[PDB]
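Working notes, beginning with the structure itself.
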Amino acid sequence: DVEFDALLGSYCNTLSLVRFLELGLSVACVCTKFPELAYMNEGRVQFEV
Amino acid sequence: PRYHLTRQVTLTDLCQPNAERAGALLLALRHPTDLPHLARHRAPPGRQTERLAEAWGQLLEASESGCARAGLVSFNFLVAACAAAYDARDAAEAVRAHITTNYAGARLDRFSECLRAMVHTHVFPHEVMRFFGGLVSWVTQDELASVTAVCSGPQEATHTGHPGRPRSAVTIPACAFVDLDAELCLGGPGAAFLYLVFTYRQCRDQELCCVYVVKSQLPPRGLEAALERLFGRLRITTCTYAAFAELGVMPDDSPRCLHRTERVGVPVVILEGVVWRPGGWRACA
Amino acid sequence: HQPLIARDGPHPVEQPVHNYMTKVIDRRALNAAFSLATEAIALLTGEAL
Amino acid sequence: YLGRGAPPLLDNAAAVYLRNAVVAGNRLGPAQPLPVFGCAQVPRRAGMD
Amino acid sequence: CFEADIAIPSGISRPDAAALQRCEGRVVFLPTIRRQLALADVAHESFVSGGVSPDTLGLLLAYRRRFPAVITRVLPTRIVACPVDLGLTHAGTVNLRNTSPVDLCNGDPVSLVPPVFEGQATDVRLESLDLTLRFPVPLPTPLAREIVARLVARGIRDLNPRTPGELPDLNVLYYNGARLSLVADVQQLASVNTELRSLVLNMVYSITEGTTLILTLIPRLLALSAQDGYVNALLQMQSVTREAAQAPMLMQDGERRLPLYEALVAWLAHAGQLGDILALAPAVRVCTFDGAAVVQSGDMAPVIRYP
Amino acid sequence: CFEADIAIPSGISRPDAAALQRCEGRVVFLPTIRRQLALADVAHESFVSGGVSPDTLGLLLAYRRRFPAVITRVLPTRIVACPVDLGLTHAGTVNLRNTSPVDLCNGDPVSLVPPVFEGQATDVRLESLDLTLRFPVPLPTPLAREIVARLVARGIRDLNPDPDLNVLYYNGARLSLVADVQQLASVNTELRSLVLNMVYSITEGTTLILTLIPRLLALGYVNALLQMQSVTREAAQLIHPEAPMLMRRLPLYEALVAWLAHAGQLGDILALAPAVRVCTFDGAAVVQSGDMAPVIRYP
């Protein structure tokens with residue numbers, strides 16, 4: 001008598017990596033790399049219009 | 001982080017850590033300038049409330065506030081202080097011989113009169129003189145004593161027990177065979193708890209004192225089952241005898257000893273490996 | 001594997017989670033049949049020639 | 001008398017006379033009245049050849 | 001932690017090894033402080049005293065002088081436990097598994113109760129070595145003190161059975177709704193008597209010489225429940241105080257002895273701490289780092305020290 | 001230390017920036033232990049539960065619930081506060097701010113309720129974001145348990161009037177408890193919540209056993225041992241209460257459970273468990289009022 005068990009498939013999924021630019025709402029943002037912003041607490045953004 | 005230190009500048013009228021050892025259960029002297037007022041209350045007026053004012057006033061006469069408030073009653077100092085009180089002779093006169101030769105016994109006789117008087121006016125010596133530590137160093141001058149006497153639980157005897165084996169390190173002497181009531185006669189292998197027990201009895205032996213240590217692998221909440229037993233002093237009739245605070249843990253059951261080496265032949269116990277879990281007092285009935 | 005999304009507030013932090021599940025074969029054995037008549041064997045063995 | 005799991009004498013006078021004379025000087029004689037659970041705690045002599 | 005290893009003795013059945021795999025985070029009552037222990041001293045056979053096993057009051061009496069510890073890791077030969085009463089000195093915050101019908105809170109003190117509900121049996125079976133392991137039920141301390149007071153008065157009903165045989169239940173608990181059923185089976189005499197004695201003892205010491213001054217204010221409360229909303233909910237409907245009104249007596253020893261101030265502290269010391277003498281002491285406090293405000297029934301809770 | 005960072009809200013006034021600087025060392029009760037915390041969650045308006053600002057009863061429930069935290073360093077836009085109850089025993093020495101009693105070399109302080117003194121003392125109120133910080137009072141356990149029984153006694157004399165209880169002399173302190181002018185009208189009205197519990201659970205405690213012991217000891221070892229201790233001590237007041245007052249098992253047994261839980265809550269609400277300990281080193285060990293004290297974790 002010959003008896004055995006076996007494994008048949010190890011299916012995994014790939015993690016879907018997206019960057020933020022690839023979406024459609026990348027229009028509405030102006031993403032600027034602005035470091036040390038929390039080190040100031042004074043809310044002053046002014047520009048001439 | 002298993003390391004701590006204390007340091008307090010007190011006087012040498014009490015403990016005098018020169019004649020004491022490196023191992024010394026330094027208790028405090030909590031609030032000496034107190035108790036004309038709370039000695040008046042917490043008692044019926046038929047308790048003669050001026051007694052702690054006078055007897056401690058004799059004790060301060062036996063030697064103003066000074067630049068050091070009166071602290072550090074040793075565990076050595078209490079054994080003679082109730083030596084005539086507990087029912088044990090010729091094992092209590094040796095520690096009193098250690099004090100009247102190396103520490104003035106007038107400071108004992110004025111203090112034992114206070115010990116009767118504290119329980120007389122119902123202001124007990126527990127909730128007074130909380131535990132302080134283990135006396136690492138004594139850098140004492142002529143009048144002062146600036147003792148490093150680390151509080152704060154388990155490490156205080158391991159930091160004076162890891163380097164203990166070479167030369168003479170702490171060893172934590174119990175300092176009396178009559179004291180250290182090593183319990184679990186019906187006992188087996190386990191890590192035991194150390195406690196600091198003061199028993200009381202009103203007007204039996206006239207507000208009696210007994211100062212000693214118990215060792216048990218029993219909880220502080222289950223100790224009152226045993227502390228209600230093992231005594232004949234359950235016959236006050238008010239109440240609140242048999243106070244105890246947890247000294248902490250002895251996690252080496254074999255390491256209890258019996259010896260007689262000090263200074264005068266003083267019978268003593270080596271206690272190897274102590275957790276000084278400082279605990280609190282617990283006195284209701 | 002599942003992706004996660006940072007937030008800012010009392011809504012908690014998001015650990016990356018996984019599932020790692022397994023399934024088990026169930027087996028059926030399905031049958032066909034056919035017969036041969038009694039005088040049809042003796043043609044095939046060669047007994048009836 | 002190291003271990004009793006048998007009922008004692010009725011007469012308390014006989015119950016102590018047949019003990020204090022027996023446990024007088026046996027070195028298997030316990031040096032206290034027995035506790036309820038546990039050993040008898042046989043004495044140690046000072047030394048042994 | 002003082003990690004305590006519990007030796008798994010002999011063979012092991014292939015489901016019996018998985019029995020320990022689902023107990024990581026339960027509570028072991030171990031009757032010592034060991035660094036090495038065998039498993040039979042933990043089990044419910046070791047709860048069994050001389051002749052009988054304890055009832056639901058005597059189990060607490062067994063649990064009182066027996067030290068709780070929590071399973072931290074699960075190995076097939078050892079169960080590494082951490083003794084809460086001693087080894088809770090953690091920056092590691094040992095976890096606890098809720099085994100109850102109850103969501104606790106974030107921050108409630110938690111004490112242990114024997115299995116006393118109808119569906120929370122929790123007694124595991126080991127066919128290799130015949131041991132039963134009734135795991136205790138970690139519950140919030142307002143809930144546990146609301147349990148233990150039910151069993152004591154039901155045991156006093158087991159003392160004297162005057163009235164005819166239609167008694168109220170004392171078998172119904174409410175916690176945010178949720179009509180919970182207890183197990184009312186058998187009441188052992190000594191487990192009642194040891195619990196009955198301490199309750200009668202502690203309430204006598206709660207009456208001092210200045211206590212009867214508070215008894216003067218009984219008609220003062222019944223005027224307030226007639227004109228205040230806080231008092232009306234405070235004097236409940238099934239209260240003996242509302243039946244009690246259906247007394248100063250100066251007698252002053254010294255006339256300055258603070259008569260109220262001794263009657264409060266002594267009541268606070270004696271009948272206030274009835275939860276420490278009937279049940280176990282609280283030592284478990286729920287401390288969730290990630291901002292979970294609740295701990296679901298069947299979930300894990302990181303645990304820090306005394307309330 | 002796992003010091004959780006309390007976030008300041010967006011820009012405040014310059015006196016509000018300086019006011020939070022002098023809170024460096026007060027006691028702060030954080031509800032959860034997230035490493036990011038707002039400041040409105042810290043403030044006393046977050047203690048509003050029953051639609052009202054709570055009394056000292058409602059504070060002691062909340063103080064027995066959430067987790068203590070000592071402010072370590074006050075930063076721009078951040079408060080760095082390490083909590084007490086995290087960490088192993090006696091690790092992480094840090095500073096408390098003293099309040100009028102001495103706080104000696106030991107003594108195990110209790111972060112207890114602010115209205116035990118003058119009512120709007122220490123109530124740091126930011127005018128910009130319009131919130132309120134009521135910092136609690138760090139007193140030692142025998143001085144804690146004394147005073148919290150001392151004030152509930154005073155309300156009884158005001159609950160139905162006709163010695164001054166409020167003396168309480170300490171080792172060097174003549175403790176002026178009486179703020180007679182405007183606070184005793186406002187401190188007595190806040191223990192209205194805590195007094196009526198303390199009256200009830202005594203009167204529900206005494207009158208239960210005054211009708212228990214006549215209905216018990218009449219149907220073993222309970223009768224032998226309990227009367228062995230109460231020989232002419234409680235029996236002397238048994239004949240005294242039953243005569244100088246008034247005198248049903250099923251109302252009684254249903255009232256046995258109801259008192260014991262309510263009496264059990266006051267053991268957790270009152271009695272003021274030691275949160276932290278003082279244990280000093282290289283220090284004078286007798287702390288002035290308003291002086292920093294080294295304070296370490298577990299009792």
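For the structure tokens, the naming scheme is as follows: chains receive sequential letters (A, B, ...) according to their order of presentation, residues are indexed from 1 within each chain, and ligands are indexed from 1 in presentation order.
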Residues of chain F within 7 Å of chain B, counting only C-alpha atoms - could you list those as an mmCIF file with C-alpha atoms, in the first residue's frame?
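Writing the result to out.cif gives the following:
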```
data_model
loop_
_atom_site.group_PDB
_atom_site.id
_atom_site.type_symbol
_atom_site.label_atom_id
_atom_site.label_comp_id
_atom_site.auth_asym_id
_atom_site.auth_seq_id
_atom_site.Cartn_x
_atom_site.Cartn_y
_atom_site.Cartn_z
ATOM 1 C CA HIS F 90 11.566 52.645 39.819
ATOM 2 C CA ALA F 91 12.805 53.740 36.388
ATOM 3 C CA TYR F 169 -1.437 70.285 61.936
ATOM 4 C CA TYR F 170 1.494 68.793 60.010
ATOM 5 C CA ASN F 171 5.199 68.552 61.016
ATOM 6 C CA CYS F 279 12.860 58.955 46.240
ATOM 7 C CA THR F 280 15.584 61.591 46.091
ATOM 8 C CA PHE F 281 19.306 61.556 45.395
ATOM 9 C CA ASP F 282 21.855 64.386 45.798
ATOM 10 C CA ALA F 285 15.031 65.709 50.568
ATOM 11 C CA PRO F 299 4.942 52.293 45.102
#
```
Expected answer as a PyMOL selection string: chain A residues within 12 Å of chain C, only C-alpha atoms: chain A and resi 5-18
Include C-alpha atoms and write out the residues we just selected as a short mmCIF file (atom, residue, chain, number, x, y, z; two decimals), in the first residue's frame.
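Dumped to result.cif:
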```cif
data_model
loop_
_atom_site.label_atom_id
_atom_site.label_comp_id
_atom_site.auth_asym_id
_atom_site.auth_seq_id
_atom_site.Cartn_x
_atom_site.Cartn_y
_atom_site.Cartn_z
CA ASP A 5 -0.20 13.71 0.66
CA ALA A 6 0.89 16.56 -1.60
CA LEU A 7 0.81 20.33 -2.04
CA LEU A 8 -0.50 21.73 -5.27
CA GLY A 9 -0.11 25.48 -5.50
CA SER A 10 1.26 28.43 -3.58
CA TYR A 11 -0.52 31.36 -5.16
CA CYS A 12 0.45 34.79 -3.91
CA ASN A 13 -0.67 38.23 -5.01
CA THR A 14 1.63 41.05 -6.03
CA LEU A 15 1.18 44.21 -4.01
CA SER A 16 -0.22 46.88 -6.31
CA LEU A 17 2.20 49.79 -5.97
CA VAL A 18 0.85 53.17 -7.07
#
```
Long-range neighbours of region 4-18 of chain C as a ChimeraX atom specification, 9 Å cut-off, only C-alpha atoms, 4 positions minimum in chain: /E:290-292 /F:34,36-38
Can I get the selection written as a tab-separated table (two decimals), in the first residue's frame, with N, CA and C atoms?
```tsv
chain	number	residue	atom	x	y	z
E	290	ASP	N	-2.21	51.58	20.65
E	290	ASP	CA	-2.57	52.05	19.32
E	290	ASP	C	-3.86	52.87	19.30
E	291	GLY	N	-4.48	53.10	20.45
E	291	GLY	CA	-5.68	53.90	20.48
E	291	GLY	C	-6.97	53.11	20.43
E	292	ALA	N	-6.94	51.82	20.74
E	292	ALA	CA	-8.17	51.07	20.88
E	292	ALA	C	-8.84	51.43	22.20
F	34	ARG	N	-1.62	57.11	22.86
F	34	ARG	CA	-1.12	57.35	21.52
F	34	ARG	C	0.06	58.31	21.58
F	36	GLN	N	0.78	60.48	19.48
F	36	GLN	CA	0.26	61.78	19.07
F	36	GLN	C	-1.02	62.04	19.84
F	37	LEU	N	-1.07	63.15	20.56
F	37	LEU	CA	-2.27	63.49	21.32
F	37	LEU	C	-2.59	64.96	21.13
F	38	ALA	N	-3.88	65.26	21.05
F	38	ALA	CA	-4.31	66.64	20.99
F	38	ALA	C	-4.27	67.25	22.38
```
Residues near residue 143 (chain B), cut-off 9 Å, only C-alpha atoms, skip fewer than 6 positions along chain, as a VMD selection string: chain B and resid 10 to 13
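A straight line drawn from CA of residue 183 (chain F) to CA of residue 144 (chain F) is 19.8 Å long.
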Interatomic distance (Å, one decimal) between CA of residue 94 (chain B) and CA of residue 268 (chain B):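 Taking CA of residue 94 (chain B) and CA of residue 268 (chain B), their separation equals 10.5 Å.
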Could you make a table, as CSV, of the residues of chain D that have an atom within 12 Å of an atom of chain B, each with its nearest atom pair and distance in Å to one decimal, counting only C-alpha atoms, in chain and number order?
```
residue,atom,partner,partner_atom,distance
D:32,CA,B:185,CA,11.9
D:34,CA,B:186,CA,10.8
D:35,CA,B:186,CA,7.9
D:36,CA,B:186,CA,9.1
D:37,CA,B:186,CA,7.1
D:38,CA,B:186,CA,6.0
D:39,CA,B:186,CA,8.1
D:40,CA,B:186,CA,10.1
D:41,CA,B:185,CA,9.5
```
Contacts of residue 79 (chain F) at 9 Å (only C-alpha atoms; same-chain gap of 4+ positions) as a PyMOL selection string: chain F and resi 4-8+39+71-75
Let's have the selection written as a PDB file, in the first residue's frame, with N, CA, C and O atoms.
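Writing done, so here's part05.pdb:
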```pdb
ATOM      1  N   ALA F   4       4.883  60.411  25.285  1.00  0.00           N
ATOM      2  CA  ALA F   4       3.847  60.690  24.304  1.00  0.00           C
ATOM      3  C   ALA F   4       3.760  62.191  24.099  1.00  0.00           C
ATOM      4  O   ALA F   4       3.728  62.952  25.072  1.00  0.00           O
ATOM      5  N   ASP F   5       3.718  62.610  22.842  1.00  0.00           N
ATOM      6  CA  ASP F   5       3.798  64.017  22.469  1.00  0.00           C
ATOM      7  C   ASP F   5       2.391  64.589  22.353  1.00  0.00           C
ATOM      8  O   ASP F   5       1.627  64.197  21.466  1.00  0.00           O
ATOM      9  N   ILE F   6       2.058  65.521  23.237  1.00  0.00           N
ATOM     10  CA  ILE F   6       0.790  66.233  23.146  1.00  0.00           C
ATOM     11  C   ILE F   6       0.944  67.394  22.175  1.00  0.00           C
ATOM     12  O   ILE F   6       1.836  68.237  22.330  1.00  0.00           O
ATOM     13  N   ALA F   7       0.070  67.445  21.175  1.00  0.00           N
ATOM     14  CA  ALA F   7       0.123  68.471  20.143  1.00  0.00           C
ATOM     15  C   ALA F   7      -0.582  69.723  20.648  1.00  0.00           C
ATOM     16  O   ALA F   7      -1.748  69.667  21.046  1.00  0.00           O
ATOM     17  N   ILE F   8       0.137  70.843  20.651  1.00  0.00           N
ATOM     18  CA  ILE F   8      -0.493  72.157  20.822  1.00  0.00           C
ATOM     19  C   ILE F   8      -1.431  72.398  19.647  1.00  0.00           C
ATOM     20  O   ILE F   8      -1.103  72.003  18.511  1.00  0.00           O
ATOM     21  N   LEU F  39      -4.514  68.559  22.450  1.00  0.00           N
ATOM     22  CA  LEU F  39      -4.537  69.202  23.756  1.00  0.00           C
ATOM     23  C   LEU F  39      -5.966  69.382  24.257  1.00  0.00           C
ATOM     24  O   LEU F  39      -6.191  69.525  25.464  1.00  0.00           O
ATOM     25  N   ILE F  71       4.541  66.227  32.706  1.00  0.00           N
ATOM     26  CA  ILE F  71       5.098  67.017  31.612  1.00  0.00           C
ATOM     27  C   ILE F  71       6.606  67.104  31.787  1.00  0.00           C
ATOM     28  O   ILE F  71       7.097  67.657  32.775  1.00  0.00           O
ATOM     29  N   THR F  72       7.346  66.576  30.818  1.00  0.00           N
ATOM     30  CA  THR F  72       8.799  66.579  30.893  1.00  0.00           C
ATOM     31  C   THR F  72       9.379  67.884  30.365  1.00  0.00           C
ATOM     32  O   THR F  72       9.953  68.669  31.124  1.00  0.00           O
ATOM     33  N   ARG F  73       9.215  68.137  29.070  1.00  0.00           N
ATOM     34  CA  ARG F  73       9.734  69.336  28.430  1.00  0.00           C
ATOM     35  C   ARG F  73       8.637  69.945  27.574  1.00  0.00           C
ATOM     36  O   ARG F  73       7.984  69.237  26.802  1.00  0.00           O
ATOM     37  N   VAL F  74       8.432  71.249  27.720  1.00  0.00           N
ATOM     38  CA  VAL F  74       7.452  71.983  26.932  1.00  0.00           C
ATOM     39  C   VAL F  74       8.138  72.555  25.698  1.00  0.00           C
ATOM     40  O   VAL F  74       9.162  73.245  25.798  1.00  0.00           O
ATOM     41  N   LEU F  75       7.592  72.246  24.531  1.00  0.00           N
ATOM     42  CA  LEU F  75       8.240  72.593  23.282  1.00  0.00           C
ATOM     43  C   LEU F  75       7.348  73.531  22.482  1.00  0.00           C
ATOM     44  O   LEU F  75       6.165  73.678  22.803  1.00  0.00           O
TER      45      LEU F  75
END
```
Per-residue DSSP, region 18-174 of chain B, filtered to strand (DSSP E), as a PyMOL selection string: chain B and resi 26-27+131-133+137-138+144-148
Residue contacts of residue 125 (chain F) (9 Å, only C-alpha atoms) excluding same-chain residues fewer than 5 positions away, as a PyMOL selection string: chain F and resi 16+19+130-134
Counting only C-alpha atoms, which residues from chain E have an atom at most 7 Å from any atom of chain B, and could you show them as a compact mmCIF listing (two decimals) with N, CA, C and O atoms, in the first residue's frame?
```txt
# COMPACT_ATOMS: atom_id res chain seq x y z
N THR E 32 2.84 28.77 44.13
CA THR E 32 4.22 28.98 44.55
C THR E 32 4.75 30.21 43.84
O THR E 32 3.98 30.95 43.23
N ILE E 33 6.05 30.43 43.93
CA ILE E 33 6.78 31.23 42.96
C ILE E 33 7.95 30.36 42.51
O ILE E 33 8.94 30.21 43.23
N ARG E 34 7.82 29.75 41.34
CA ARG E 34 8.81 28.80 40.86
C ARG E 34 9.52 29.35 39.63
O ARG E 34 9.00 30.20 38.91
N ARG E 64 -7.28 32.46 46.23
CA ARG E 64 -6.77 33.53 47.08
C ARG E 64 -5.31 33.30 47.45
O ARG E 64 -4.46 34.17 47.25
N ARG E 65 -5.01 32.13 48.01
CA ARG E 65 -3.62 31.80 48.28
C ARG E 65 -3.04 30.96 47.15
O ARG E 65 -2.38 29.94 47.37
N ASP E 253 -17.55 62.27 74.94
CA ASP E 253 -16.29 62.04 75.65
C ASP E 253 -15.31 63.12 75.20
O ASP E 253 -14.82 63.14 74.07
N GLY E 254 -15.06 64.07 76.11
CA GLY E 254 -14.12 65.15 75.87
C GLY E 254 -14.63 66.29 75.02
O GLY E 254 -13.98 67.35 75.01
N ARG E 257 -13.22 65.20 69.85
CA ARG E 257 -12.55 63.94 69.56
C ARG E 257 -12.66 63.59 68.09
O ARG E 257 -12.24 62.51 67.67
N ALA E 269 -11.95 51.75 55.87
CA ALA E 269 -10.95 50.70 56.03
C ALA E 269 -11.59 49.32 56.13
O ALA E 269 -10.99 48.33 55.73
N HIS E 270 -12.80 49.25 56.70
CA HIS E 270 -13.34 47.93 57.03
C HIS E 270 -14.42 47.47 56.05
O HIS E 270 -14.26 46.43 55.41
```
Residue 194 (chain F) environment, 9 Å, only C-alpha atoms, sequence neighbours closer than 5 positions dropped, as a CSV table (one decimal) with C-alpha atoms, in the first residue's frame:
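Dumped to result_33.csv:
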```
chain,number,residue,atom,x,y,z
F,55,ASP,CA,-17.7,67.4,40.6
F,56,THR,CA,-15.0,65.8,42.7
F,57,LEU,CA,-16.9,62.6,42.5
F,58,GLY,CA,-16.9,62.6,38.7
F,152,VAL,CA,-16.6,64.9,53.5
F,199,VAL,CA,-24.0,59.1,53.9
```
Separation of CA of residue 252 (chain B) from CA of residue 196 (chain B), in Å and rounded to one decimal: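 Distance reported for this atom pair: 18.4 Å.
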List as JSON lines every residue of chain F that is in contact with chain E, defined as an atom at most 8 Å from one of its atoms (using only C-alpha atoms), together with the nearest atom pair and the distance in Å rounded to one decimal, sorted by chain and then rising number.
```
{"residue": "F:32", "atom": "CA", "partner": "E:291", "partner_atom": "CA", "distance": 6.1}
{"residue": "F:33", "atom": "CA", "partner": "E:289", "partner_atom": "CA", "distance": 5.3}
{"residue": "F:34", "atom": "CA", "partner": "E:289", "partner_atom": "CA", "distance": 5.7}
{"residue": "F:64", "atom": "CA", "partner": "E:307", "partner_atom": "CA", "distance": 7.4}
{"residue": "F:65", "atom": "CA", "partner": "E:107", "partner_atom": "CA", "distance": 5.5}
{"residue": "F:66", "atom": "CA", "partner": "E:107", "partner_atom": "CA", "distance": 6.1}
{"residue": "F:67", "atom": "CA", "partner": "E:107", "partner_atom": "CA", "distance": 7.8}
{"residue": "F:85", "atom": "CA", "partner": "E:304", "partner_atom": "CA", "distance": 7.2}
{"residue": "F:86", "atom": "CA", "partner": "E:91", "partner_atom": "CA", "distance": 6.8}
{"residue": "F:87", "atom": "CA", "partner": "E:91", "partner_atom": "CA", "distance": 4.7}
{"residue": "F:88", "atom": "CA", "partner": "E:89", "partner_atom": "CA", "distance": 4.6}
{"residue": "F:89", "atom": "CA", "partner": "E:89", "partner_atom": "CA", "distance": 5.9}
{"residue": "F:149", "atom": "CA", "partner": "E:264", "partner_atom": "CA", "distance": 6.4}
{"residue": "F:150", "atom": "CA", "partner": "E:261", "partner_atom": "CA", "distance": 6.3}
{"residue": "F:153", "atom": "CA", "partner": "E:260", "partner_atom": "CA", "distance": 5.9}
{"residue": "F:160", "atom": "CA", "partner": "E:220", "partner_atom": "CA", "distance": 7.6}
{"residue": "F:163", "atom": "CA", "partner": "E:256", "partner_atom": "CA", "distance": 6.4}
{"residue": "F:165", "atom": "CA", "partner": "E:258", "partner_atom": "CA", "distance": 7.1}
{"residue": "F:196", "atom": "CA", "partner": "E:231", "partner_atom": "CA", "distance": 7.5}
{"residue": "F:197", "atom": "CA", "partner": "E:234", "partner_atom": "CA", "distance": 7.7}
{"residue": "F:199", "atom": "CA", "partner": "E:214", "partner_atom": "CA", "distance": 6.7}
{"residue": "F:200", "atom": "CA", "partner": "E:235", "partner_atom": "CA", "distance": 7.8}
{"residue": "F:202", "atom": "CA", "partner": "E:267", "partner_atom": "CA", "distance": 7.4}
{"residue": "F:203", "atom": "CA", "partner": "E:215", "partner_atom": "CA", "distance": 6.2}
{"residue": "F:204", "atom": "CA", "partner": "E:241", "partner_atom": "CA", "distance": 6.1}
{"residue": "F:205", "atom": "CA", "partner": "E:203", "partner_atom": "CA", "distance": 7.3}
{"residue": "F:206", "atom": "CA", "partner": "E:207", "partner_atom": "CA", "distance": 7.0}
{"residue": "F:207", "atom": "CA", "partner": "E:241", "partner_atom": "CA", "distance": 7.1}
{"residue": "F:208", "atom": "CA", "partner": "E:240", "partner_atom": "CA", "distance": 7.1}
{"residue": "F:209", "atom": "CA", "partner": "E:203", "partner_atom": "CA", "distance": 7.2}
{"residue": "F:219", "atom": "CA", "partner": "E:160", "partner_atom": "CA", "distance": 6.0}
{"residue": "F:221", "atom": "CA", "partner": "E:193", "partner_atom": "CA", "distance": 7.4}
{"residue": "F:222", "atom": "CA", "partner": "E:197", "partner_atom": "CA", "distance": 5.8}
{"residue": "F:225", "atom": "CA", "partner": "E:197", "partner_atom": "CA", "distance": 8.0}
{"residue": "F:226", "atom": "CA", "partner": "E:201", "partner_atom": "CA", "distance": 6.4}
{"residue": "F:230", "atom": "CA", "partner": "E:204", "partner_atom": "CA", "distance": 8.0}
{"residue": "F:234", "atom": "CA", "partner": "E:204", "partner_atom": "CA", "distance": 6.9}
{"residue": "F:241", "atom": "CA", "partner": "E:212", "partner_atom": "CA", "distance": 7.5}
{"residue": "F:244", "atom": "CA", "partner": "E:247", "partner_atom": "CA", "distance": 5.2}
{"residue": "F:245", "atom": "CA", "partner": "E:247", "partner_atom": "CA", "distance": 6.3}
{"residue": "F:246", "atom": "CA", "partner": "E:245", "partner_atom": "CA", "distance": 6.5}
{"residue": "F:247", "atom": "CA", "partner": "E:244", "partner_atom": "CA", "distance": 7.1}
{"residue": "F:250", "atom": "CA", "partner": "E:168", "partner_atom": "CA", "distance": 7.1}
{"residue": "F:251", "atom": "CA", "partner": "E:238", "partner_atom": "CA", "distance": 6.5}
{"residue": "F:252", "atom": "CA", "partner": "E:240", "partner_atom": "CA", "distance": 6.5}
{"residue": "F:253", "atom": "CA", "partner": "E:153", "partner_atom": "CA", "distance": 6.3}
{"residue": "F:254", "atom": "CA", "partner": "E:238", "partner_atom": "CA", "distance": 7.1}
{"residue": "F:255", "atom": "CA", "partner": "E:239", "partner_atom": "CA", "distance": 5.7}
{"residue": "F:256", "atom": "CA", "partner": "E:153", "partner_atom": "CA", "distance": 7.1}
{"residue": "F:257", "atom": "CA", "partner": "E:149", "partner_atom": "CA", "distance": 5.1}
{"residue": "F:260", "atom": "CA", "partner": "E:149", "partner_atom": "CA", "distance": 6.8}
{"residue": "F:261", "atom": "CA", "partner": "E:146", "partner_atom": "CA", "distance": 5.9}
{"residue": "F:263", "atom": "CA", "partner": "E:272", "partner_atom": "CA", "distance": 5.4}
{"residue": "F:264", "atom": "CA", "partner": "E:272", "partner_atom": "CA", "distance": 5.8}
{"residue": "F:265", "atom": "CA", "partner": "E:142", "partner_atom": "CA", "distance": 7.4}
{"residue": "F:266", "atom": "CA", "partner": "E:272", "partner_atom": "CA", "distance": 6.6}
{"residue": "F:267", "atom": "CA", "partner": "E:272", "partner_atom": "CA", "distance": 5.3}
{"residue": "F:271", "atom": "CA", "partner": "E:268", "partner_atom": "CA", "distance": 7.6}
{"residue": "F:273", "atom": "CA", "partner": "E:307", "partner_atom": "CA", "distance": 7.7}
```
12 Å contacts from chain F to chain A using only C-alpha atoms, as a list in words: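 Residues of chain F within 12 Å of chain A, counting only C-alpha atoms: residues 7, 8, 9, 10, 11, 12, 13, 14, 17, 75, 76, 77 and 78 of chain F.
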Residues flagged alpha helix (DSSP H) by DSSP in chain D, as an MDAnalysis selection string: chainID D and resid 12:20
